[PDB]
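Worksheet: one structure, shown below.
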Amino acid sequence: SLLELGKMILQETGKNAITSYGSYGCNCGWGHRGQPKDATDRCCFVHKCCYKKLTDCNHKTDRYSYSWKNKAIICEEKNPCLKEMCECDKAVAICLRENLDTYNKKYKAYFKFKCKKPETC
Ligand SMILES: CCCCCCCCCCCC(=O)O
């Protein structure tokens, strides 16, 4: 669920997920995908594409089990779909942390309506 996603992003990036990524670029947070503005935004593009494959569960509302042990995310979910959801989330948290070097506050509250049509997943 969004609960787990936000906890993973805070643990890896050190940033509040809604404030920093809830409206970042053309792909992070609310809305749909678009042409990424930078690397942080490409992370969220990949994340949303990763979510489209989850037909047997709900990425928004269904919670799953995971641990923050030794500064690393471990998915401890046995439900197959919720397991894929956890790995989708884990991937974006790690990806965003890796691109903290090029994170720019200008994209923080992006006007997502002017975003260009996204490429296919
Ligand atoms: C625990 C706090 C709840 C935050 C959950 C939403 C996460 C922020 C949205 C941006 C993540 C992304 O799209 O890559």
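All values below were derived from every heavy atom in this structure, side-chain atoms included, with hydrogens, water molecules and symmetry-related copies excluded. Numbers here simply count residues along the sequence, with the first being 1.
- The main-chain N or O of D41 is found under 3.5 Å from a side-chain atom of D38 such that the two form a donor-acceptor pair.
- Atom SG of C26 and atom CZ of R42 lie 11.0 Å apart (nearest 0.5 Å).
- A heavy-atom distance below 4.5 Å is found between the side chains of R33 and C49.
- Atom CG of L3 sits about 14.5 Å away from atom NZ of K60, to the nearest 0.5 Å.
- Aromatic pair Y21/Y103: centroids less than 6.0 angstrom apart.
- Remark: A72 pairs with no residue by the side chain to side chain contact (heavy atoms under 4.5 Å, CB included) rule, at least two apart or across chains.
- With sequence neighbours excluded, the residues that form a side chain to side chain donor-acceptor pair (under 3.5 Å) with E119 are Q35.
- Counting only distance, with no hydrogens or angles, the side chain of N27 and the backbone of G34 share a donor-acceptor pair below 3.5 Å.
- Of all the heavy atoms in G31 and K48, the pair that sits closest is O-NZ, 3.2 Å.
- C57 meets the side chain to side chain contact (heavy atoms under 4.5 Å, CB included) test with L54, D62, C81, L82, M85; sequence neighbours excluded.
- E12 places no side-chain N or O within donor-acceptor distance of the main-chain N or O of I9, the cut-off being under 3.5 Å.
- No chain of hydrophobic side-chain contacts below 4.5 Å, direct or via other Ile, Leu, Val, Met, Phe, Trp or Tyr residues, connects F45 to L96.
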Criterion side chain to side chain contact (heavy atoms under 4.5 Å, CB included) on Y64 and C75, from CA distance to verdict: CA-CA 8 Å; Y64 53 77; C75 290; 5.5 Å; no
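- Within a 6.0 Å radius of NZ in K83, more than 12 heavy atoms belonging to other residues, nucleotides or ligands are found.
- The two atoms that bring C86 and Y66 nearest to each other are SG-CB, 4.0 Å, heavy atoms only.
- What you find for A39 and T102 is that their closest heavy atoms are CB-OG1, 4.1 Å.
- Looking at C43 and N99, their side chains come closer than 4.5 Å, going by heavy atoms from C-beta outward.
- Separation of atoms OG (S1) and CD (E4) is listed at 3.5 Å; rounding is to 0.5 Å.
- Within the 3.5 Å criterion, the main-chain N or O of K7 finds a donor-acceptor partner in the side chain of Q11.
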Residue pair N104, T40: steps toward the side chain to side chain contact (heavy atoms under 4.5 Å, CB included) verdict: CA-CA 9 Å; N104 204 325; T40 282; over 6 Å; no
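- In this structure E84 satisfies the salt bridge (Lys or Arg N to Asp or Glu O under 4.0 Å) test with no other residue, sequence neighbours excluded.
- For the atom pair CD1 of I73 and CE of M8, the computed distance is 5.0 Å after rounding to the nearest 0.5 Å.
- Residues satisfying the ring-ring contact (aromatic ring centres under 6.0 Å, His included) criterion with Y51, sequence neighbours excluded, are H47, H59.
- Placement of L10 and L100 in two distinct hydrophobic clusters is found when ILVMFWY residues are connected by side-chain heavy-atom separations under 4.5 Å, directly or transitively.
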Residues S67, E76; criterion side-chain hydrogen bond (donor to acceptor under 3.5 Å, both in side chains); working and verdict: CA-CA 7 Å; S67 288; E76 286 153 347; 2.6 Å; yes
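- Under a hydrophobic clustering in which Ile, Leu, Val, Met, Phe, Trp and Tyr are joined whenever their side-chain heavy atoms come within less than 4.5 Å, directly or via other members, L2 and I94 fall into different clusters.
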Output side-chain donor-acceptor pairs under 3.5 Å for residues 109-117, partner residues at least two apart or in another chain, one line each.
from	atom 1	to	atom 2	distance (Å)
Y110	OH	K37	NZ	2.3
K112	NZ	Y24	O	3.4
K112	NZ	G25	O	2.9
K112	NZ	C28	O	2.8

